[PDB]
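Below: one structure, written as C-alpha cells.
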Amino acid sequence: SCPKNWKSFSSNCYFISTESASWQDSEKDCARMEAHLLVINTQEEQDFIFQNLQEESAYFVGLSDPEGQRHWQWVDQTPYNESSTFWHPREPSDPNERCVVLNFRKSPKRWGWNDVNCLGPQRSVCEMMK
Ligand SMILES: [Ca+2]
Ligand SMILES: [Ca+2]
C-alpha cells in the first residue's frame with residue numbers, strides 16, 4: 001500500500017532520506033509529501049527504523065527543544081515520555097543542540113538518540129499515515 005521508495009511498518013509508511021538538509025527544511029519536505037518527521041511511539045517502531053539506516057549517517061527526528069529549556073516536544077504534539085526514550089549515554093549534552101537525530105555509535109556499538117545543531121544539514125525520516 002505504501003508508495004515507491006517508502007518502507008512499510010504497521011499502518012504507516014516511512015521514508016529514509018539520502019539527501020541532507022536542516023531540521024526545518026526536513027520537516028517542510030516531509031510536509032510536502034503529506035507526512036511529518038519521525039515520531040517514535042513504540043519500541044517496535046524504533047527498532048524497525050534502526051534496521052533501515054546507514055550506520056554511518058545521522059537522521060533527523062520530529063523531536064526538538066526550540067527554547068533550549070530541555071522541554072522536548074514531538075511535532076505531532078503527542079506527550080514526551082521521559083522514561084521510554086532512546087538517548088545515548090551523556091545525551092542530551094548541549095542546550096544549543098536543540099534537534100534530535102538517530103545515530104549509531106561505535107564503542108560500544110549502539111543505536112540511540114543525540115541532540116545536534118538544527119541548521120547543520122542531516123538526513124531525515126518522514127512518517128506518513130495510511
Ligand atoms: Ca510513529
Ligand atoms: Ca549532543
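Chain lettering (A, B, ...) mirrors the order of the C-alpha cells, residue numbering begins at 1 for each chain separately, and ligand numbering begins at 1 in order of display.
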Would you name the residues within 7 Å of ligand 2, counting only C-alpha atoms and all ligand atoms, and put them as a list in words?
->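 Listing the residues within 7 Å of ligand 2 gives residues 91, 92, 93, 94, 97, 114, 115 and 116 of chain A.
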The selected residues should be written to file as a PDB file, in the first residue's frame (atoms: N, CA, C and O atoms).
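The new file part-v6.pdb reads:
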```pdb
ATOM      1  N   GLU A  91      23.709  12.045  26.722  1.00  0.00           N
ATOM      2  CA  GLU A  91      22.872  12.909  25.889  1.00  0.00           C
ATOM      3  C   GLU A  91      21.452  13.009  26.447  1.00  0.00           C
ATOM      4  O   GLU A  91      20.930  12.030  26.982  1.00  0.00           O
ATOM      5  N   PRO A  92      20.813  14.190  26.333  1.00  0.00           N
ATOM      6  CA  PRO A  92      21.246  15.460  25.724  1.00  0.00           C
ATOM      7  C   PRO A  92      22.479  16.071  26.387  1.00  0.00           C
ATOM      8  O   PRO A  92      22.706  15.854  27.577  1.00  0.00           O
ATOM      9  N   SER A  93      23.260  16.829  25.619  1.00  0.00           N
ATOM     10  CA  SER A  93      24.562  17.301  26.066  1.00  0.00           C
ATOM     11  C   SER A  93      24.732  18.810  26.024  1.00  0.00           C
ATOM     12  O   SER A  93      25.502  19.347  26.825  1.00  0.00           O
ATOM     13  N   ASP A  94      24.046  19.510  25.120  1.00  0.00           N
ATOM     14  CA  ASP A  94      24.296  20.924  24.904  1.00  0.00           C
ATOM     15  C   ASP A  94      22.960  21.640  24.747  1.00  0.00           C
ATOM     16  O   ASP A  94      22.123  21.215  23.929  1.00  0.00           O
ATOM     17  N   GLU A  97      22.361  22.467  21.186  1.00  0.00           N
ATOM     18  CA  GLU A  97      21.963  21.368  20.309  1.00  0.00           C
ATOM     19  C   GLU A  97      20.496  21.076  20.600  1.00  0.00           C
ATOM     20  O   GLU A  97      20.169  20.356  21.546  1.00  0.00           O
ATOM     21  N   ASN A 114      20.564  11.562  19.848  1.00  0.00           N
ATOM     22  CA  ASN A 114      21.571  12.566  20.150  1.00  0.00           C
ATOM     23  C   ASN A 114      21.050  13.929  19.723  1.00  0.00           C
ATOM     24  O   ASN A 114      20.405  14.056  18.679  1.00  0.00           O
ATOM     25  N   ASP A 115      21.329  14.939  20.540  1.00  0.00           N
ATOM     26  CA  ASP A 115      20.963  16.311  20.223  1.00  0.00           C
ATOM     27  C   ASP A 115      22.112  16.980  19.478  1.00  0.00           C
ATOM     28  O   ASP A 115      23.264  16.940  19.930  1.00  0.00           O
ATOM     29  N   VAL A 116      21.792  17.579  18.331  1.00  0.00           N
ATOM     30  CA  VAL A 116      22.755  18.223  17.453  1.00  0.00           C
ATOM     31  C   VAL A 116      22.222  19.602  17.075  1.00  0.00           C
ATOM     32  O   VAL A 116      21.105  19.978  17.427  1.00  0.00           O
TER      33      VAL A 116
END
```
Please check which protein, DNA or RNA residues sit within 6 Å of ligand 1, counting only C-alpha atoms and all ligand atoms, and write them as a list in words.
->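 What falls inside 6 Å of ligand 1 is residues 39, 40 and 41 of chain A.
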Test item: residues at most 7 Å from residue 64 (chain A), only C-alpha atoms, excluding those fewer than 3 positions along its chain, as a ChimeraX atom specification | /A:72-74,98-100
Save the residues we just selected, C-alpha atoms, as a compact mmCIF listing (two decimals), in the first residue's frame?
```
# COMPACT_ATOMS: atom_id res chain seq x y z
CA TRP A 72 11.37 18.18 24.23
CA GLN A 73 8.28 18.21 22.02
CA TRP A 74 7.05 15.97 19.23
CA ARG A 98 18.17 21.62 20.06
CA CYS A 99 17.41 18.99 17.40
CA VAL A 100 17.35 15.21 17.81
```
Just list the residues in chain A DSSP gives strand (DSSP E or B) on the backbone, as number ranges by chain.
-> A: 7-9, 12-16, 21, 36-37, 59-64, 73-74, 87, 99-106, 109-116, 122-129
Name the residues in contact with residue 59 (chain A) at a cut-off of 9 Å, using only C-alpha atoms, excluding same-chain residues fewer than 4 positions from it; report them as a list in words.
-> residues 16, 17, 20, 53, 100, 101, 102, 103, 122, 123, 124 and 125 of chain A
With distances taken over only C-alpha atoms, which of A:113, A:15, A:6, A:60 is nearest to residue 90 (chain A)?
->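 Nearest to residue 90 (chain A): A:113.
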Return the single residue from A:30, A:128, A:118, A:2 that is closest to residue 68 (chain A), with distances computed using only C-alpha atoms.
->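 Comparing A:30, A:128, A:118, A:2 against residue 68 (chain A), the winner is A:118.
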Give me the region 44-69 of chain A side of the contact with region 79-84 of chain A, cut-off 12 Å, one line per residue showing its nearest atom pair and distance in Å at one decimal, counting only C-alpha atoms, sorted by chain and residue number, as CSV.
```
residue,atom,partner,partner_atom,distance
A:46,CA,A:84,CA,11.0
A:62,CA,A:80,CA,11.4
A:63,CA,A:80,CA,9.0
A:64,CA,A:80,CA,10.7
A:65,CA,A:80,CA,11.3
```
Would you mind exporting C-alpha atoms of the selected residues as a compact mmCIF listing (two decimals), in the first residue's frame?
```
# COMPACT_ATOMS: atom_id res chain seq x y z
CA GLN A 46 12.03 2.33 16.83
CA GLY A 62 10.47 15.22 14.91
CA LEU A 63 11.73 15.91 18.44
CA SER A 64 13.07 19.36 19.27
CA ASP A 65 13.61 21.76 22.17
```
In chain A, DSSP alpha helix (DSSP H) residues written as number ranges by chain = A: 23-32, 43-50
Those same residues, written as a PDB file, in the first residue's frame with N, CA and C atoms?
```pdb
ATOM      1  N   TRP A  23      16.932  20.899   9.918  1.00  0.00           N
ATOM      2  CA  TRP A  23      15.791  20.270  10.574  1.00  0.00           C
ATOM      3  C   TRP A  23      14.475  20.828  10.043  1.00  0.00           C
ATOM      4  N   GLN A  24      14.365  22.156   9.960  1.00  0.00           N
ATOM      5  CA  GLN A  24      13.121  22.761   9.495  1.00  0.00           C
ATOM      6  C   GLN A  24      12.889  22.494   8.014  1.00  0.00           C
ATOM      7  N   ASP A  25      13.942  22.574   7.195  1.00  0.00           N
ATOM      8  CA  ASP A  25      13.788  22.217   5.790  1.00  0.00           C
ATOM      9  C   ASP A  25      13.479  20.736   5.615  1.00  0.00           C
ATOM     10  N   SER A  26      13.867  19.898   6.579  1.00  0.00           N
ATOM     11  CA  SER A  26      13.499  18.488   6.521  1.00  0.00           C
ATOM     12  C   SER A  26      12.032  18.287   6.881  1.00  0.00           C
ATOM     13  N   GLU A  27      11.548  18.989   7.910  1.00  0.00           N
ATOM     14  CA  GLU A  27      10.132  18.901   8.253  1.00  0.00           C
ATOM     15  C   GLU A  27       9.259  19.467   7.142  1.00  0.00           C
ATOM     16  N   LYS A  28       9.710  20.549   6.503  1.00  0.00           N
ATOM     17  CA  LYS A  28       8.966  21.099   5.376  1.00  0.00           C
ATOM     18  C   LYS A  28       8.898  20.102   4.228  1.00  0.00           C
ATOM     19  N   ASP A  29       9.976  19.341   4.012  1.00  0.00           N
ATOM     20  CA  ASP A  29       9.972  18.345   2.945  1.00  0.00           C
ATOM     21  C   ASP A  29       9.052  17.178   3.278  1.00  0.00           C
ATOM     22  N   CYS A  30       9.040  16.736   4.540  1.00  0.00           N
ATOM     23  CA  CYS A  30       8.092  15.699   4.936  1.00  0.00           C
ATOM     24  C   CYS A  30       6.657  16.184   4.767  1.00  0.00           C
ATOM     25  N   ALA A  31       6.415  17.475   5.010  1.00  0.00           N
ATOM     26  CA  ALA A  31       5.076  18.027   4.836  1.00  0.00           C
ATOM     27  C   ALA A  31       4.686  18.113   3.367  1.00  0.00           C
ATOM     28  N   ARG A  32       5.659  18.324   2.475  1.00  0.00           N
ATOM     29  CA  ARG A  32       5.358  18.348   1.046  1.00  0.00           C
ATOM     30  C   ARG A  32       4.810  17.006   0.580  1.00  0.00           C
ATOM     31  N   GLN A  43       8.514   0.859  20.884  1.00  0.00           N
ATOM     32  CA  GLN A  43       9.856   0.347  20.622  1.00  0.00           C
ATOM     33  C   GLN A  43       9.890  -0.504  19.360  1.00  0.00           C
ATOM     34  N   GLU A  44       8.769  -1.139  19.008  1.00  0.00           N
ATOM     35  CA  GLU A  44       8.713  -1.887  17.757  1.00  0.00           C
ATOM     36  C   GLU A  44       8.905  -0.962  16.559  1.00  0.00           C
ATOM     37  N   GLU A  45       8.368   0.260  16.634  1.00  0.00           N
ATOM     38  CA  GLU A  45       8.602   1.235  15.571  1.00  0.00           C
ATOM     39  C   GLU A  45      10.055   1.692  15.558  1.00  0.00           C
ATOM     40  N   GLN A  46      10.662   1.826  16.739  1.00  0.00           N
ATOM     41  CA  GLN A  46      12.031   2.327  16.826  1.00  0.00           C
ATOM     42  C   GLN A  46      13.028   1.306  16.292  1.00  0.00           C
ATOM     43  N   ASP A  47      12.874   0.039  16.688  1.00  0.00           N
ATOM     44  CA  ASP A  47      13.790  -0.997  16.219  1.00  0.00           C
ATOM     45  C   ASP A  47      13.636  -1.259  14.728  1.00  0.00           C
ATOM     46  N   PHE A  48      12.444  -1.018  14.174  1.00  0.00           N
ATOM     47  CA  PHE A  48      12.244  -1.225  12.744  1.00  0.00           C
ATOM     48  C   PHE A  48      13.037  -0.220  11.921  1.00  0.00           C
ATOM     49  N   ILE A  49      13.121   1.023  12.392  1.00  0.00           N
ATOM     50  CA  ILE A  49      13.767   2.060  11.598  1.00  0.00           C
ATOM     51  C   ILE A  49      15.280   2.046  11.797  1.00  0.00           C
ATOM     52  N   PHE A  50      15.759   1.716  13.001  1.00  0.00           N
ATOM     53  CA  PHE A  50      17.184   1.447  13.183  1.00  0.00           C
ATOM     54  C   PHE A  50      17.685   0.430  12.162  1.00  0.00           C
TER      55      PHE A  50
END
```
Coordinates-based distance that separates CA of residue 51 (chain A) from CA of residue 130 (chain A) (Å, one decimal) | 21.2 Å
What separation in Å, quoted to one decimal, exists between CA of residue 55 (chain A) and CA of residue 96 (chain A)?
->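 About the pair CA of residue 55 (chain A) and CA of residue 96 (chain A): they are 24.5 Å apart.
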